[PDB]
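Have a look at the structure below, then the notes.
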Ligand code: HEM
Ligand code: HEM
């Protein structure tokens, strides 16, 4: 005689996961993005399936098959644009999630933070391959530009490119290869997300105040399930507005042109959620240095738990660190804006300033501010 | 230990007041 | 961190594990040359270079 | 016995065990490739392209 | 007066030897008491399967009666002068020692001569003594540490005389007639394999002349030809598990081959053993003891008591540990205890080696306190080493031990050597022998 | 002077508005957790209640009225001695392991 909820194995796992899991009482709305990620993932796993059900992978039928999905498949355009803009929704939620983890000092959960960095890398790679899939002008040329970075790697680098290209340039082989990789990767992302939830549950969530809330804990099911339902409703509102009213708002029109290797578009820009890093790439003339800075721009999150010097955990009671964090966010937005514009005056110097300031804020300004911070409070 | 013989039981009586002792790296003892 | 790990007996432990770590690194180098089939190095080992 | 000398020399340390395995990988790979290829060319002598390229 | 000054001032161990072969060895001091005993080289090692248990029976009947003193009269003489008479029989040595005042030396030596020589061995007393040993066998069965160590010896030196228990199987003790014991006495209680030791207010000249006038009748021959030789004993790395879930606590003893009484490698290994240390639930050191295993056990309340041993015989020994812990700790200590050993086999800091050296010096100097421990030391050393090791020599051998020596000797005796596990009680969680043997080597090294 | 800057910072920090004391806002590492365990019962109970009230207020996104704000002068230092002792013991352990 017992609850099958807390005695049946699968039901026990579900119960400890998101039914009776002790959650902090004062969890703000910024935590909802966690689920808003998973839901997006599910949606991305869902619609992509129904896209792979009418998408070939040959360069003679890639663009034509995409147009077929948009124009002929019954309600196929809904799925297509739902995928295209759910990618942007996924990345908006991802960036807000990373910002939340940074602000409230959630990176003290070392295992979960590192797993999150791995998830970020995997999601970025998957999105890159997916954008390569429709074989537009943007697709082909962005793929060439991005993959040609690996030629900068010493020694093996050139070979590596010819390995990934499956030949001598982004061509028939690379399209199908990227299709297979874009299919497989999200399931690896799902497995890593499960591991991430495991690691987080071994310690419990962190409240905005940054202090342990083991005394004021509430069951997850009656409260945070409905909170997450509301969050999902809001995210669906934004995503459906995007898809139904202005689908080609976050995209680039040149992607609606068959890929022609003999002519390039006026501008070669990546998707928006990548520009913040692309600008950093453009900052350093040294190509190898550019690639290294590109990798470090994401790998910095790994070092972030080490740099924590403040006695307090979060930023709720650290106004100086708050201004620093918002300086960082403005800097990321500036890099995103810089990435779109061509390599001309004054975008070049502004891009160098923004890229320098990003690492200066993360590595130097924040720890020194925390050091001054503790001194300002007798500790 | 279980004692079920005169020879083994010999000496198990007490003739001096009980004296306990504990240490830092030596196990507890009593006599 | 580095204040704690900088010690007499800590450097002594480092010295103790120097041989094992160094020849673990040698293990890794040989395995890398083998699996990769690094022709630049394998052209000098007498018997194996006959393969190319 | 030689096996005792082998154990005391190359097998006691796990890392030395791995080094022995790695070098054995090189030499066994080369020797086995030579042997198997030679056996195959012997079995089908005169049919492979290697055995008939000379006349063209 | 520094430590070194005191060491070269400890009285010497004057050693003599009568014509028959009995080695007389004394150690004068100023105490008014003394401790005189005879250390024979009998023991379970010198016993075949047919007569195993003879030594225990002979030790039992030693104080019962003699030809000169018919019986209880001997006990009356011993008690009238306040002497405490004792005897301990092991797997290698058997000894009788009288603890008496210096003035009662002439009488005490006479009493020891009567026991070791003119022992009655009356059949009626044999029958009376037969039951006592049987009861003592059940008592020892209740002694769980002793049964675990007997399991260790049985499963380690299997098929060799060392595996035989000192008391003997409770079948030989029920058939050991007078005839079997008499051969044991006439074949093992010989003058060459005997050491007459004494310590305290004893004069070496007095001990020599008392021995000459009492033990002269001792014989050195070996009847027709039978000379019981020394049989080397093989160490077969194995395991034995007597799982009895009713027992409240589980005892596990694991030991590898250690050296003999020779092979000075004992001195480094003991230091290594001292580094592992020993713990009991009633220590009070808590999570502060220098020994890593002791600190972990105290922190997690893992075990009730773990002790490291270096049992050492003439040509081989059992060097290792024995721990008493509940059912859900046996594996965990197997992880830590082994994890400790390999640390000394791969990285032993000089600091802990110095600590082990100091602990060993303290153990040696403290164990030789009191006349009875000194007499035991003399009797045991003359049989094992052939000479009493002066404490100064012990100090020198300890000083020569450093971190590199400990690492080398441990890797020579511990690393990748099949153990001799032996477990009793609720030992279900005890790792399988393959797991233990795997834990005997580290994949980092 | 400097103490004026420190008072301005205490006011702008915001943990006074929640009724929290300085030490309630500290991150709970191993040293801090052991220090909290070491606290006397009467201090620990007040610490727990203050923390729970603060979490309640932040859940409802509110602050206490201005009168019940922990003043800079009244901000006692309860966890400081215990944390200092714990840090000293850890430093001793690390130095001995050195
Ligand atoms: C694949 C995308 C991701 C999914 C599905 C995911 C899933 C989740 C979920 C559901 C939560 C709990 C809700 C929450 O606290 O927000 C969570 C917590 C967390 N995630 Fe993620 N996550 C993702 C990406 C990331 C990334 C990129 C990072 C940063 C490197 C990260 C770091 C964290 C941290 C630190 C927490 C704990 C937050 C706290 O305790 O306050 N996650 N994750
Ligand atoms: C990790 C979640 C995913 C992300 C972020 C993602 C992202 C993207 C992006 C950005 C595109 C290009 C959209 C465009 O053409 O403008 C795309 C296309 C595509 N994705 Fe995904 N995707 C995800 C998961 C999946 C999965 C799981 C599948 C397979 C079931 C899939 C199949 C496809 C297909 C077939 C296309 C080509 C159709 C098209 O481009 O419109 N995707 N994806």
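Cβ: placed from backbone, ideal geometry, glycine included. Neighbour counts: every protein chain shown. Values quoted throughout were computed directly from the atomic coordinates according to the rules given, and no laboratory measurement underlies them.
I'd like the full set of residues that are closer than 20 Å to residue F:95 by Cα and either crowded, with 16+ Cβ neighbours inside 10 Å or without any contact (Cβ under 8 Å) to a residue 12 or more places away in the chain (or both), limited to the stretch E:281-292.
Initially, the stretch E:281-292 is screened for residues closer than 20 Å to residue F:95 by Cα, giving E:285-292.
Residues satisfying the conditions are E:285, E:288, E:289, E:290, E:291, E:292.
If we keep just the residues of the stretch E:401-411 that are free of Cβ contacts under 8 Å to residues at least 60 places away in the same chain and either in contact with a helix residue (DSSP H, G or I) (Cβ under 6 Å, 6 or more places away or on another chain) or part of a loop (DSSP other than H, G, I, E, B) (or both), which is farthest from the other protein chains (Cβ to nearest Cβ)?
Among those residues, the one meeting the criterion is E:402.
Output the number of residues of the stretch E:339-372 satisfying the condition of being in contact (Cβ under 8 Å) with a residue 60 or more places away in the chain, within 14 Å of chain C (Cβ to nearest Cβ) and in a helix (DSSP H, G or I).
Total meeting the criteria: 7.
Would a scan of the stretch F:45-59 turn up a residue that is under 30 Å from residue A:218 (Cα atoms), surrounded by fewer than 16 Cβ atoms within 10 Å (Cβ to Cβ) and more than 12 Å from chain A (Cβ to nearest Cβ)?
Scanning the stretch F:45-59, I find at least one residue that is under 30 Å from residue A:218 (Cα atoms), surrounded by fewer than 16 Cβ atoms within 10 Å (Cβ to Cβ) and more than 12 Å from chain A (Cβ to nearest Cβ), so the answer is yes.
Whether any residue in the stretch A:148-170 is surrounded by 15 or more Cβ atoms within 10 Å (Cβ to Cβ) and either within 15 Å of ligand 2 (Cβ to nearest atom) or under 20 Å from the mean Cα position of the chain (by Cα) (or both) is what I want to check.
No, there is no match, as no residue in the stretch A:148-170 is surrounded by 15 or more Cβ atoms within 10 Å (Cβ to Cβ) and either within 15 Å of ligand 2 (Cβ to nearest atom) or under 20 Å from the mean Cα position of the chain (by Cα) (or both).
Regarding residue A:51, is this residue within 16 Å of ligand 1 (Cβ to nearest atom) and free of Cβ contacts under 8 Å to residues at least 60 places away in the same chain?
On the way: within 16 Å of ligand 1 (Cβ to nearest atom): no; free of Cβ contacts under 8 Å to residues at least 60 places away in the same chain: yes.
No.
Could you check how many residues of the stretch A:308-356 are under 26 Å from residue A:117 (Cα atoms) and away from chain F (no Cβ under 14 Å)?
23
Can you find, within the stretch F:30-44, the residue that is nearest to residue F:74 (Cα to Cα) among those that are free of Cβ contacts under 8 Å to residues at least 24 places away in the same chain and surrounded by 12 or more Cβ atoms within 10 Å (Cβ to Cβ)?
Residues of the stretch F:30-44 that are free of Cβ contacts under 8 Å to residues at least 24 places away in the same chain, as a first pass: F:30, F:33, F:37, F:40-42, F:44.
Next, from what is left, pick out any that are surrounded by 12 or more Cβ atoms within 10 Å (Cβ to Cβ): F:33, F:44.
Numbers: F:33: 24, F:44: 18 Å.
Result: F:44.
Assigned to a loop (DSSP other than H, G, I, E, B), away from ligand 2 (no atom under 15 Å from the Cβ) and either touching a helix residue (DSSP H, G or I) at 6+ places or on another chain (Cβ under 7 Å) or in contact (Cβ under 8 Å) with a residue 60 or more places away in the chain (or both) - does that describe any residue in the stretch A:235-247?
Keep residues of the stretch A:235-247 that are assigned to a loop (DSSP other than H, G, I, E, B), which gives A:246.
Subset that is away from ligand 2 (no atom under 15 Å from the Cβ): none.
No, that holds for no residue.
Filter the stretch E:71-102 down to the residues that are farther than 29 Å from residue E:166 by Cα and in contact (Cβ under 8 Å) with a residue 12 or more places away in the chain, then identify the one that is surrounded by the fewest Cβ atoms within 10 Å (Cβ to Cβ).
That would be E:82.
Quick one: is residue C:43 more than 14 Å from chain F (Cβ to nearest Cβ) and at positive phi? Break it down stepwise before answering.
On the way: more than 14 Å from chain F (Cβ to nearest Cβ): yes; at positive phi: no.
For residue C:43, the condition - more than 14 Å from chain F (Cβ to nearest Cβ) and at positive phi - is not met.
Is it the case, given these coordinates, that residue F:27 is more than 30 Å from residue E:350 (Cα to Cα), in contact (Cβ under 8 Å) with a residue 24 or more places away in the chain and within 14 Å of the chain's Cα centre (by Cα)? If you could, list the steps in order and put the result at the bottom.
On the way: more than 30 Å from residue E:350 (Cα to Cα): yes; in contact (Cβ under 8 Å) with a residue 24 or more places away in the chain: no; within 14 Å of the chain's Cα centre (by Cα): yes.
No.
Test of understanding: among A:191, A:143, which residue is farther than 18 Å from residue A:299 by Cβ, within 16 Å of ligand 2 (Cβ to nearest atom), buried (at least 19 other Cβ atoms within 10 Å of the Cβ) and away from chain F (no Cβ under 14 Å)?
On the way: A:191 fails: buried (at least 19 other Cβ atoms within 10 Å of the Cβ).
So the residue among A:191, A:143 that is farther than 18 Å from residue A:299 by Cβ, within 16 Å of ligand 2 (Cβ to nearest atom), buried (at least 19 other Cβ atoms within 10 Å of the Cβ) and away from chain F (no Cβ under 14 Å) is A:143.
Among the residues that make up the stretch A:295-314, is at least one of them more than 19 Å from residue A:107 (Cα to Cα) and part of a helix (DSSP H, G or I)?
Taking the stretch A:295-314 first, the residues more than 19 Å from residue A:107 (Cα to Cα) are A:295.
When the remaining residues are screened for being part of a helix (DSSP H, G or I), the result is A:295.
Yes, the conditions are met somewhere in the stretch A:295-314.
What residue, of A:285, A:270, is touching a helix residue (DSSP H, G or I) at 6+ places or on another chain (Cβ under 6 Å), away from chain F (no Cβ under 14 Å) and not in a helix (DSSP H, G or I)?
Working: A:285 fails: touching a helix residue (DSSP H, G or I) at 6+ places or on another chain (Cβ under 6 Å).
Only one candidate qualifies: A:270.
Check A:256, A:278 and return the single one that is under 28 Å from residue A:89 (Cβ atoms) and touching a strand residue (DSSP E or B) at 6+ places or on another chain (Cβ under 7 Å). Walk me through how you get there before you give the answer.
Values: A:278 fails: touching a strand residue (DSSP E or B) at 6+ places or on another chain (Cβ under 7 Å).
Result: A:256 is the single residue among A:256, A:278 that is under 28 Å from residue A:89 (Cβ atoms) and touching a strand residue (DSSP E or B) at 6+ places or on another chain (Cβ under 7 Å).
Could you list, in sequence order, all residues of the stretch A:318-346 that are touching a helix residue (DSSP H, G or I) at 6+ places or on another chain (Cβ under 8 Å), assigned to a loop (DSSP other than H, G, I, E, B) and touching a residue at least 40 places away in the same chain (Cβ under 8 Å)?
A:318, A:343
Just the residues that are within 24 Å of the chain's Cα centre (by Cα) and under 14 Å from residue E:209 (Cβ atoms), please, taken from the stretch E:17-31.
Hits for the stretch E:17-31 are E:22, E:24, E:26.
For the stretch A:71-103, give me each residue that is near ligand 1 (Cβ under 6 Å from one of its atoms) and in contact (Cβ under 8 Å) with a residue 24 or more places away in the chain. Explain how you work it out, then say what you get.
Here is the first cut: in the stretch A:71-103, the residues near ligand 1 (Cβ under 6 Å from one of its atoms) are A:94, A:97-98, A:101.
Residues satisfying the conditions are A:94, A:97, A:98.
Please find, among E:179, E:163, the residue that is crowded, with 18+ Cβ neighbours inside 10 Å and away from chain B (no Cβ under 14 Å). So that I can check it myself, show each step before the final result.
Details: E:179 fails: crowded, with 18+ Cβ neighbours inside 10 Å.
Result of the check over E:179, E:163: E:163.
Can you name the residue in the stretch A:215-238 that is more than 16 Å from ligand 1 (Cβ to nearest atom) and under 30 Å from residue A:340 (Cβ atoms) and is also surrounded by the fewest Cβ atoms within 10 Å (Cβ to Cβ) among such residues?
Here the answer is A:237.
Could you please give the count of residues in the stretch A:194-214 that are within 14 Å of chain F (Cβ to nearest Cβ), closer than 17 Å to residue A:16 by Cα, near ligand 1 (Cβ under 9 Å from one of its atoms) and out of contact with any strand residue (DSSP E or B) (no Cβ under 7 Å at 6 or more places or on another chain)? Explain how you work it out, then say what you get.
Within the stretch A:194-214, the subset within 14 Å of chain F (Cβ to nearest Cβ) is A:203-214.
When the remaining residues are screened for being closer than 17 Å to residue A:16 by Cα, the result is A:203-205, A:214.
Now restrict to residues that are near ligand 1 (Cβ under 9 Å from one of its atoms): A:203-205.
Subsequent filtering for residues that are out of contact with any strand residue (DSSP E or B) (no Cβ under 7 Å at 6 or more places or on another chain) retains A:203.
Residues in the stretch A:194-214 being within 14 Å of chain F (Cβ to nearest Cβ), closer than 17 Å to residue A:16 by Cα, near ligand 1 (Cβ under 9 Å from one of its atoms) and out of contact with any strand residue (DSSP E or B) (no Cβ under 7 Å at 6 or more places or on another chain): 1 in total.
I need the full set of residues from the stretch F:50-98 which are touching a helix residue (DSSP H, G or I) at 6+ places or on another chain (Cβ under 8 Å) and assigned to a loop (DSSP other than H, G, I, E, B), in order please.
Result: F:63, F:64, F:72, F:75, F:77, F:78, F:98.
Give me the pairs: first residue in the stretch A:125-138 and within 14 Å of another protein chain (Cβ to nearest Cβ), second residue away from ligand 1 (no atom under 16 Å from the Cβ), beta-carbon distance under 7 Å, and six or more apart or on different chains, which are they?
Listed pairs, sorted by first residue: none to list.
Look at residue A:111 and say whether it is surrounded by fewer than 22 Cβ atoms within 10 Å (Cβ to Cβ), away from chain F (no Cβ under 14 Å), within 11 Å of ligand 1 (Cβ to nearest atom) and more than 14 Å from the chain's Cα centre (by Cα).
Working: surrounded by fewer than 22 Cβ atoms within 10 Å (Cβ to Cβ): yes; away from chain F (no Cβ under 14 Å): yes; within 11 Å of ligand 1 (Cβ to nearest atom): yes; more than 14 Å from the chain's Cα centre (by Cα): yes.
In short, yes.
For chain D, which helices (runs of 4 or more DSSP H) that fit wholly inside it have 1 or more residues that are surrounded by 14 or more Cβ atoms within 10 Å (Cβ to Cβ)? It would help to see each step written out before you state the result.
Numbers: elements: D:2-6, D:14-43, D:49-52.
By residue number, D:14-43.
Pull up the stretch F:18-29, narrow it to residues that are more than 7 Å from every other protein chain (Cβ to nearest Cβ) and buried (at least 19 other Cβ atoms within 10 Å of the Cβ), then point me to the one that is nearest to residue A:310 (Cα to Cα).
First, the residues of the stretch F:18-29 that are more than 7 Å from every other protein chain (Cβ to nearest Cβ): F:18-21, F:23, F:29.
Next cut, buried (at least 19 other Cβ atoms within 10 Å of the Cβ) only: F:18, F:20-21, F:23.
Working: F:18: 20, F:20: 18, F:21: 17, F:23: 13 Å.
Residue satisfying both the conditions and the ranking: F:23.
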